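Below, in structure tokens: the form solved without the named molecule, a single chain.
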């Protein structure tokens, strides 16, 4: 029943780690304690310089072996307890009680909230790497949950913790449960409680605001490194960690009509789809304002017919327009002379049969506009397939990407025209 206390979540500029360590040492003078950090914390932690208390520095160093930054090599015991800063040991035998709870139960992780201002609460959590998304919500089976929000001591076996790909990546409260929920592991929120530090850290408003800003930066760098572009919550709140109007798009130049994310066995990053939807809405608005006849085309019409949205692995939007109405829209006659950046940041280009509207100068997610003209009662272009004009007389309202778009009438027939029978019900899933 030997447990190593492992401290990872603290701020060098303001912490209660010395009190934390001394509290556990008072219950057992030989208590193994590992404080982990990326670089040597300054001001000095001034931990007891005793063999059972050790500081593990996790970044590479010119004068250290590979083993010196691998944390399992500091942990000899069967069980490990992640303790956040602000916790202290008061009553004895709490770690042993958590161990017997873990062995008695069926959850590979047990947790005991710390009585801070934000004690841990259960949460549900669903990770979809394919969609670059993590969704949180209220946990139906509490005290059994997928993740925790707030402060808690977490206990698990060392073999379980250190076989994870990133066991001590910060913030631990986000990184750990992303990895354990993806593996189908559960955490049991026990009824035990650890007391708070008698002199808690981040006592002033400046200190707390400084810590929250650097914590938000670490959380953003973590999610970007691990492929989470979107955190969403039950209730609707969204947290974005991908591209936007002032950045480049997430994947860059496609070759051979296969974007990079497909080889990573993922679909389109949700931030990229968001920009495409917003550009589709903007362009349609501009076109309808100028009185230009447009209709959904290609995979955009297909996605609209299938589920009213962009096909989740597509990376552009295709609209058809009447060649005759091109002149009615200022952005487009300007696009003939050269690239036009309008007042809202969108970039209209002609390149090439067609026009292309990019989300911004830096973010090259685009809507392609393909002009057709009626010559035979058939709609046709001039460089390269054609379709009869009666599919556009009239056009029908069709939900797409958050707004009501225009589609050819009888568009399921139109889609079997362009793609073959059964296209809507048989999606061509990437493999």
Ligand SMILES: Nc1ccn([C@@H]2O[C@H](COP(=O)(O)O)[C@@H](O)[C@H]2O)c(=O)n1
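Residue numbers count along the first chain shown, from 1.
As for the form solved in complex with the named molecule, it is not shown, yet the points below apply to it.
Contact annotation for residue 313: at least one heavy atom lies within 4.5 Å of the named molecule in the deposited bound form. Contact annotation: residue 121 falls outside 4.5 Å of the named molecule in the deposited bound form, judged by heavy atom distances.
Contact annotation for residue 293: none of its heavy atoms lies within 4.5 Å of the named molecule in the deposited bound form. The closest non-hydrogen atom of residue 86 lies beyond 4.5 Å of the named molecule in the deposited bound form. Residue heavy atoms within 4.5 Å of the named molecule in the deposited bound form occur in exactly one stretch of 294 to 302, 217 to 225, 169 to 177, 98 to 106, and that stretch is 294 to 302. Proximity to the named molecule in the deposited bound form, taken as a non-hydrogen atom within 4.5 angstroms, holds for one residue of 325, 318, 349, 90, which is 318. Contacts to the named molecule in the deposited bound form (heavy atom within 4.5 Å) from stretch 197 to 223: none.
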